[PDB]
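Just below is one structure, and these are the notes that go with it.
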Amino acid sequence: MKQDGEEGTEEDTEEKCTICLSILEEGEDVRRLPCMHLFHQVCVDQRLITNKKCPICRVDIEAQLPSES
Ligand SMILES: [Zn+2]
Ligand SMILES: [Zn+2]
């Protein structure tokens, strides 16, 4: 009949959690690191608990803390 061969378009590092390997699109808490990288607020505070440096940007992601332990 019977297409359309159809995309958004625009789908590059826009709203995509590369931690939990899934796209977001609507209402999600996003957080962007100081090293310019946007991720999901939950998963960034999962993978980057024990690590705190952009693997390419070479900037510390914890940018002050200011916790303890
Ligand atoms: Zn996620
Ligand atoms: Zn970065």
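Per the deposited numbering: the sequence shown = residues 1 to 69.
Each residue gets a CB set at the ideal place from its N, CA and C atoms; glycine is no exception.
heavy atom of ligand 1 below 7 Å from residue i C-beta
i, result
"residue 70", "Nothing about residue 70 can be read from this structure; the chain reaches only from 1 to 69."
"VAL30", "no"
Closer than 7 Å: residue i CB and nearest ligand 3 heavy atom
i, result
"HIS37", "Questions concerning ligand 3 fall outside what the structure shown contains, since the ligands it does hold are ligand 1 and ligand 2."
Nearest-angstrom Cα separation, counted from residue j out to residue i
i, j, result
"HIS37", "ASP4", "33 Å"
"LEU21", "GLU28", "15 Å"
"residue 72", "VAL30", "Not covered by the structure: residue 72. The range shown for the chain is 1 to 69."
Beta carbon of residue i nearer than 8 Å to that of residue j
i, j, result
"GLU25", "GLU15", "yes"
"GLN46", "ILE23", "no"
"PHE39", "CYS17", "yes"
7 Å Cβ shell around residue i - same chain, five flanking residues per side excluded
i, result
"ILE61", "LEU33, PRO34, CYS35, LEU48, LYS52, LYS53 and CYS54"
"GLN64", "none"
Classification of residue i by the beta-carbon crowding that lies within 10 angstroms, buried from 16 upward
i, result
"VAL42", "exposed"
Spatial neighbours of residue i in its chain, beta-carbon cut-off 6 Å, leaving aside the 5 residues before and after
i, result
"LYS2", "none"
Distance cut-off 7 Å: residue i Cβ against heavy atoms of ligand 2
i, result
"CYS54", "yes"
Sequence-distant residues of its chain with Cβ nearer than 8 Å to residue i (five each side left out)
i, result
"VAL44", "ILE19, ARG31 and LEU33"
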